[PDB]
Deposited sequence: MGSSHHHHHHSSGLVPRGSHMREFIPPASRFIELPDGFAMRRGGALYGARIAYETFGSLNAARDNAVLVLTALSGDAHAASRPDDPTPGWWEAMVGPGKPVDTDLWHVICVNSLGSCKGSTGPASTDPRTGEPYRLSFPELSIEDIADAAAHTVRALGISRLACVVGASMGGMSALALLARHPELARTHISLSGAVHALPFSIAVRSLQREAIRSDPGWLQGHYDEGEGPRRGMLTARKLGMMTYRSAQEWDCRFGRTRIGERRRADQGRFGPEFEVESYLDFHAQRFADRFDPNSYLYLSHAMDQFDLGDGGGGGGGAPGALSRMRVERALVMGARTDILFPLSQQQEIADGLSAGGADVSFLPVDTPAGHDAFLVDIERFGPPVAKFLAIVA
């Protein structure tokens, strides 16, 4: 299969040829999306959510798919992103494997999966595909565009390329571009996959594939997403309660393997490579002829208000990167609320510490309403 599509997924076909930033174009492509909450008469209460690398469009549960979403505590009736007030639209990023066209999808020209024939993917492509999706749904201007992690990059690209499409912006643990450490981490993750003989140069298809490499990729990621101190605090030196050479012995090891399995079981290796690479290549200030680099690009955006948050313990996208986003948007006239979160959950905080990330989001949206 290689594609893991939520049962209530809906799709917007990307008409004819969808040109990709680094060359080539996609034909017969589509974007999977899901909505939560009612769109009002003026169609001015829509909120687009661009996800992290591993997410899908099922941000929250619904009657037609009661399974909890990846942001179940953040999106819903009476929640931080209140669906009683907003029409939330969440899209699976182009290049992914949860419904939107990606490497695991069928190429109409061959009848087979794209695999590594998929055009190099750029954050800008994800943004452009999301913009088309919102417009295809009859929305000309979003009340807000929300982006977290990789989605924070996608959101900035959308604001720079489609300035009239969003009134406000919520940026959670994002960045204008990747710094060396995070690049090194993703490099090792991709290495774990490419070093697995099961990858077969991307032609694993229905075989087991580089499952070993995927597990490791996820473990390395998880270890970098939350503070070392929190890890020591959550597991200590506790041995596995389950009680043959050099195998796992500590609960922390069992914990990592358990979650690594779930990821490896629901993600396409090639899709992972493309998305990971896109994160390393994105650079908001790199082109267009405007000048000033990233700060300049942020200043030229047209959002009226913005909420920018980051975790003090985040080592993937350090707090300073979120502050840079806030400063640039403010330099351009936006009314920006910046909030550093004192959480031990690092980069994963926007997902696992909604107790802390939620209230500020609710506060901001109450002003936008």
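Asks: Show which contiguous pieces of the deposited sequence have no C-alpha coordinates, counting from residue 1.
Replies: No coordinates exist for the deposited residues in 1 to 20, 264 to 268, so these stretches are absent from the model.
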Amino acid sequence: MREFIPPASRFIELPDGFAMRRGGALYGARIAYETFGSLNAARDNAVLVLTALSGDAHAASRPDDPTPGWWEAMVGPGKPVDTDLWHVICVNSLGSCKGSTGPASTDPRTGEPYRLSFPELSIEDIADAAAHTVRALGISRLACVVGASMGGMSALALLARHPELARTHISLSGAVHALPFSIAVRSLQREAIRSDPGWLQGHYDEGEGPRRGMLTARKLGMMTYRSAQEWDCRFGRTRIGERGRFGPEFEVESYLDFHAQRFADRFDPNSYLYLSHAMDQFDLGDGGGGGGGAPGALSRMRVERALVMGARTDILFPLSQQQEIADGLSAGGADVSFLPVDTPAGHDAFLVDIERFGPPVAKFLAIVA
From here on, numbers count along this sequence of modelled residues.
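Asks: For the higher mean C-alpha B factor in the entry, choose 177 to 185 or 284 to 292.
Replies: According to the entry, 284 to 292 carries the higher average C-alpha B-factor.
Asks: Between 295 to 303 and 252 to 260, name whichever shows the higher mean Cα B factor according to the PDB entry.
Replies: Between 295 to 303 and 252 to 260, it is 252 to 260.
Asks: Checking the entry, which one of 277, 135, 169, 219 has the top C-alpha B factor?
Replies: Across 277, 135, 169, 219, the entry lists the biggest C-alpha B-factor for 219.
Asks: Among the candidates 79, 211, 98, 141, give the one with the maximum CA B-factor reported in the record.
Replies: Each of 79, 211, 98, 141 was compared by C-alpha B-factor; the highest is 211.
Asks: Taking the values exactly as deposited, rank residue 54 by C-alpha B-factor within its chain and report the matching third: lowest, middle or highest.
Replies: For residue 54, whose C-alpha B-factor we compare with every modelled residue in the chain, the answer is the highest third.
Asks: Considering only modelled residues of the same chain, in which third does the CA B-factor of residue 114 rank: lowest, middle or highest?
Replies: Middle third of the chain for residue 114's C-alpha B-factor.
Asks: Sorting by Cα B-factor within the chain, modelled residues only, which third would residue 124 end up in: lowest, middle or highest?
Replies: Lowest third.
Asks: Going by the entry, which third of its chain does the Cα temperature factor of residue 145 land in?
Replies: Residue 145: CA B-factor falls in the lowest third of its chain.
Asks: Relative to the other modelled residues in the chain, which third contains the C-alpha temperature factor of residue 15: lowest, middle or highest?
Replies: Top third by C-alpha B-factor.
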